[PDB]
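Heads up, the chain shows up twice below as structure tokens, two forms, tagged structure 1 and structure 2.
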Structure 1
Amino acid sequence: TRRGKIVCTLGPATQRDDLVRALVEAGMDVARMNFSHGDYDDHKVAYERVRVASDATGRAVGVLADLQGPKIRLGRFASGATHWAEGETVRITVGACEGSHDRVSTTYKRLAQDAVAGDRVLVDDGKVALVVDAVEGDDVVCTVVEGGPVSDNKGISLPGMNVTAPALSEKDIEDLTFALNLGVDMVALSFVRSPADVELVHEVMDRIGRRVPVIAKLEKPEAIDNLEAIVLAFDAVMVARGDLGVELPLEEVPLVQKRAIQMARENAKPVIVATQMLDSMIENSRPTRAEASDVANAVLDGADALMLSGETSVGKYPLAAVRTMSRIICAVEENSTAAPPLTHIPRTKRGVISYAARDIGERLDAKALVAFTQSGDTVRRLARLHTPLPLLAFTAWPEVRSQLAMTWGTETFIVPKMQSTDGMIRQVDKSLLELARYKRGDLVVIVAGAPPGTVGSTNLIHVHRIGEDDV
């Protein structure tokens, strides 16, 4: 079975009866609640359905709060959706209006102040493209240079305009709050520009007194210019290709992705690859040949996780999207799970020991690798190496099981806290023995530390056969 993790975005297509369950049953490892859309009641109900289904199935499922960030949007159209055709003129305004095909509203209120003639406006990541002709008072007059349908509150991107808006708005702060108290496992911040942007998120966490993993969404050129520092300051990164493809040249993204996945793995942080991986599959029962290739290539690049956005949130074949994504990942991994090697020899205690542990296990044809961890960090330095062996994490903190649902090839087991390393070995033996694929005499390699209960204290590898007294 599968090593690569699957992240699904929830929405209207996942609201019908026990559909969230079906996704979890079909392979969903992380559930993304997008806070760009929806109402607090909708999120809460979604989050409950995940917890029920996770707990009802036995399958770890993390819950990811995606914060809108400084996203610029359109208002509502009187029609709710119109068609903007090439050759037509449209006025985007800062001013409150009844929204229509010829004049529509936007959230960025500095638009007229900051937009100059020539500037480009991309809608829905390139579905329509406009160029600014002039600024007539509080409107921006643009001529449509690529025609298509636009709908209420759709995202617009103004490449090259210095956009001034806070890392976290009040909507963002108030959604962070609601999501932290709801119990989510992780949080993603949109439109990250600096390594210090996490500090603001952290602050709110400290006010509320509850911190979680913060994922950086890489969708700005500034992000890519400070990639290493962002990967060290944040806990994870998402290659957010949609906005990244209109903020950068869309032809540059394939290489940015590859360079960003490598960077995460180097520093042992999870990486998600997102947006239009199976875009075709919103309307079609099978994907394109390019889409299948895009997924297989995200695997061979070394992605911890791949994500589906519209394909599950509003799509018509949300199960087939998750199912197919898994078949492809599995198809690639059957051939080889080997990933692009690291460019350095590990230097941290935990990194070095997890490296050695991988060596021993693979060379002895061990049945599984087992790692004990408080923060998940030990387990992530082994995950990044992409072993074909089952990697099994053992931890006392249940939240870590949900946090490790987006870390590559890792299955977690929650256990009572131990105060002796032999205790730990017995625990492993107990848990493993209840599993179909495990038996007595079977060989496993266990990574551990002492004194137990201490993060980073990992310092021990043990080659153990299930049930024997080799301790």
Structure 2
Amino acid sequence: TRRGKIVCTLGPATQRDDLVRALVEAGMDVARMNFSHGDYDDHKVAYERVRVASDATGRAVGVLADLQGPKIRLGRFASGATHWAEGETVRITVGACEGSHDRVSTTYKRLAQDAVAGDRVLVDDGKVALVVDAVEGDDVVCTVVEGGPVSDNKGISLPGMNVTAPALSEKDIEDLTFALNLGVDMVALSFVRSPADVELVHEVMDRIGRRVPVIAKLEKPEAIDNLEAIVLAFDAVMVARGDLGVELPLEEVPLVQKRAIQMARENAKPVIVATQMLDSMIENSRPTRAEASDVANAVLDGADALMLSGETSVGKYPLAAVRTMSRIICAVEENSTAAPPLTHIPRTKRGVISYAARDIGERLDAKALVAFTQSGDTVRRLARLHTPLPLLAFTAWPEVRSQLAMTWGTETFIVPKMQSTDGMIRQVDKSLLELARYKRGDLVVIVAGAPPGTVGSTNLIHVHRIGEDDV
């Protein structure tokens, strides 16, 4: 089966009966909850449908809370919507108002103070484009250079302009709280610019007495300028291509993507590639050739996971989008699971041992590679390498199974907390023998460690035949 993992975003198109279920059945590995949209009741109901379907199918399904971050927006228009046509003069004010066609508010209150004649304003990820002509007191006077519909609270971007704003807004703090309490497995922060941003997220987590892995969304120049530091301070990264391709020139994105994936894999952190991978499937039952290409190349780049946004959240073919993404990933992997080699020899015990384990399993035509992990790390150091062999993570911490739902190639098995390595290995035999797929005599390579139940204690590789007396 498929190795590369699939992240799906939930929304109106996944709300009806049995749709969340059918997505899990079709292969969804992580469900994204977008806190830019919806009320807490919608998110509750959806969280529940994921848990049910996960538990009922037996498939792991992580739940990802995506926080809006310091997204700058327009306010409200008197009609709810207007049309901004090429050639029109429009004012965007930091003063309060119900907007109209001619004059509308924004949420960023430093706009008149930070925007200068010449600056470009892109709306809703680039559809509508303005150029700033002047700042008159509170108003930024602009000319529509590319026309289109604008509506209430649509997002805007000021490329190159330096935005001042806290990494977490008060809204994000409340959403993070709601999300932690409700049980989500991972958290994504929009618009990260600094490694220190993760500290503020942890500050909230600790007040509430609950940490989960934090994903840095990459969609700002500052973030790419600090890519290594952010990859190291955060637990995963998402190449967030939508905003990234307006905050940076869109022509720079393909290579940023590839550098971000390599850097994640060098440091054994998960990476998700997001946004418009199958955009046209919002309206159509089959994607474009660009889209099919984009997906396959994301796999070849070495992405742990690929994401669907409006394709599943608001589109007309949520299911077909997931199956389609899965067919493409599988076509590529059947040919080869190879990923770009690492540019360093492993130095950490867990890295070196997981790298050796891979060598061993492949060179002996082993039936699976198995690694025990308490925090996920030992598995992530193997996953990053890619291998055509099954990679089965074993753990006694349930949440790690959900967290590893976004790690390449990896199936997770929950087992009791064992106090010996012999016991870890008996647990492997038991879990595997319940599967039609494995039988006595099957050769596997097991990575484990003592002291048991200690993160990072990983220190042994054992070649084992299932059921046989060789331990």
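In this text, rigid core is short for the largest set of C-alphas that superpose within 1.5 Å between two forms. When a residue number appears, read it as a position in the sequence of structure 1, where counting begins at 1.
*Asks:* Determine, after fitting the two forms on their core, whether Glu203 shows a C-alpha shift of 2 Å or more between the two structures.
*Replies:* Comparing the forms between the two structures, which are aligned on their rigid core, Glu203 does not shift its C-alpha by 2 Å or more.
*Asks:* Could you tell me whether the Cα atom of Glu251 shifts by at least 2 Å between the two structures after core superposition?
*Replies:* No; that C-alpha moves by less than 2 Å between the two structures.
*Asks:* Should the larger rigid part be superposed on its C-alpha atoms, how many degrees would the smaller part be seen to turn between the two structures?
*Replies:* The rotation of the smaller rigid part against the larger one between the two structures is 10 degrees.
*Asks:* If the rigid core is lined up, how many Å does the C-alpha atom of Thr458 shift between the two structures?
*Replies:* For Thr458, the C-alpha ends up 0.4 Å from its position in the other form.
*Asks:* Relative to the superposed core, report the C-alpha shift of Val123 between the two structures in angstrom.
*Replies:* Displacement of the C-alpha, rigid core superposed: 1.6 Å.
*Asks:* After superposition on the rigid core, what is the displacement of the C-alpha atom of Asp114 between the two structures, in Å?
*Replies:* Here the C-alpha difference is 2.8 Å.
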